[PDB]
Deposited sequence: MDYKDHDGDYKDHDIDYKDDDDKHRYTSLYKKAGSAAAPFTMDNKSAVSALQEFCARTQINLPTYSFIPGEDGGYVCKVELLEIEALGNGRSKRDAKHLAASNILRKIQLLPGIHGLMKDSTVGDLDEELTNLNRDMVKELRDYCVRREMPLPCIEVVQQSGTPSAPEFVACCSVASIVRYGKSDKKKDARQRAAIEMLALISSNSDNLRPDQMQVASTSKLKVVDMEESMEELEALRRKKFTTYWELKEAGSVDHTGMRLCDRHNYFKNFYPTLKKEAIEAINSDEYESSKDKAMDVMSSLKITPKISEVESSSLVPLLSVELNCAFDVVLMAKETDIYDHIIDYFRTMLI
């Protein structure tokens, strides 16, 4: 291990043993300053062990002449809960090497997508797997709006308490149906009612009830009556296009059918 090697090098050179200074550091990560005879070095990580094993690498490299400061497993689980993705399974699946300094390989499988993280400590390897998977999966007040619109956990410990499968591609159509019952019944009594003088007034009321702010824009077309694109601010990414007159009846119809 890095520390072991620096430790052994001091013994062999018959010099002073290294002194390790750990401070609390920035964010959630401690910083480790290796003090060695006739040289000074620095290495910072999430945990004291992690910072020490980085400090060691940096000083060792200067003699011969990265660590995130958060719980990436937890962060990945929270991200999956937020995006409605099958929850990640991170499990150490292979231990190999000398019992003094072994090598652990751990798999992370979000649905069928697996990425492997390997390291010298069981926890570090799990964190490594989690980091690799998060980057691939990836490639904030919205979640407040989506919380009022529909019941959603938005974090793992909230979920762990209640005890998700994940929204399959086939079942994404139920997004509007899964809106809070109070919001739905109101948006329906608004649709069924014909008290409003104009269909534009009805469309705005049903969308306002569901807390959807419409994005009406100018679509370029070869037509006398303008063709407009009504974009919506929701996860489902509803986008409609119709002539000016029909634009407001189509909003009403889509909402009716989906809400049913």
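Parts of the chain sequence, as deposited, that carry no C-alpha coordinates in this structure: Comparing the full sequence with the modelled residues, the uncovered ranges come out as 1 to 45, 111 to 130, 205 to 228, 253 to 255.
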